[PDB]
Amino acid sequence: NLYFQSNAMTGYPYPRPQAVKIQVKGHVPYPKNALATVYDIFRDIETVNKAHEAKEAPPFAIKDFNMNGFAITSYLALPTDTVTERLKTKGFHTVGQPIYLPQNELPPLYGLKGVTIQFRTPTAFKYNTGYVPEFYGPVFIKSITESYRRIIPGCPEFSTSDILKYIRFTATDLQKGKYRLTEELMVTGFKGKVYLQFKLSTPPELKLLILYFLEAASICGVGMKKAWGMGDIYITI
């Protein structure tokens, strides 16, 4: 059975993350150069500049990097005409029209058994004196809730421990992959599929909240160098 929460913290729905994705055509040798280009066109957005000088995560990420171009995802409310005009000045052309995320409304999640997470680019988590290229459930829940809170400030502090009591992670197998960040830096992380299974006791409000955390992580990326395109995930329900 379902028991619905009456309190102020989990008795109300939380906002669904929103973002914009812009596709860019043009050759750059490394993700380092794509990231630098995006900082350059956002020089008059104070929040971006402050984050960069504080070496905090920027409100955007490079995605789908290759030799022909890349995508930019951002949760800032951007004037897209200005983005196109500034990229064109720098020799880059935007392709198609901006994509506004989320694209579709969600159905009710009653009877949703779990969520599939595909790590599409190599992923690793950073720690003092060593990044860890391995999947840890609690570490991943901390990452995705931090990404949700960056997009949606003002959320109360969720307890990681209490979320984990209602979920189980499994993986048939994960594999390794290499991601070249700069001429001199290549990192080896994990890739592949993890299944997030809800326990039968999962409060119904928590399924939707977990989906929204995963949507935020799909926007921001997971783990180290997420703004460079590491830790890119696809979610399936």
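From 1 onward, residues are counted along the sequence shown.
For this session: Please work out which of 6-14 and 220-228 has the higher mean CA B-factor as recorded in the PDB entry.
Result: According to the entry, 6-14 carries the higher average C-alpha B-factor.
Problem set entry | Greater mean Cα temperature factor according to the PDB record, 122-130 or 138-146 | It is 122-130.
For this session: Would you mind finding, among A61, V38, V28, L211, the residue with the largest C-alpha temperature factor in the entry?
Result: The C-alpha B-factor peaks, among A61, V38, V28, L211, at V28.
Exercise. Per the coordinate record, which of the options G111, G154, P98, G114 holds the highest CA temperature factor?
Worked result: By C-alpha B-factor in the record, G111 ranks first.
Exercise. If you rank the chain by CA B-factor, which third does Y75 end up in: lowest, middle or highest?
Worked result: According to the entry, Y75 has a C-alpha B-factor in the chain's lowest third.
For this session: Give the position of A54 by CA B-factor within its chain, expressed as the lowest, middle or highest third.
Result: Ranked within chain, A54 CA B lands in the highest tercile.
Exercise. In terms of the chain's CA B-factor thirds, is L196 lowest, middle or highest?
Worked result: Bottom third by C-alpha B-factor.
Exercise. Taking the entry's C-alpha B-factors for this chain, is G69 in the lowest, middle or highest third?
Worked result: Middle third.
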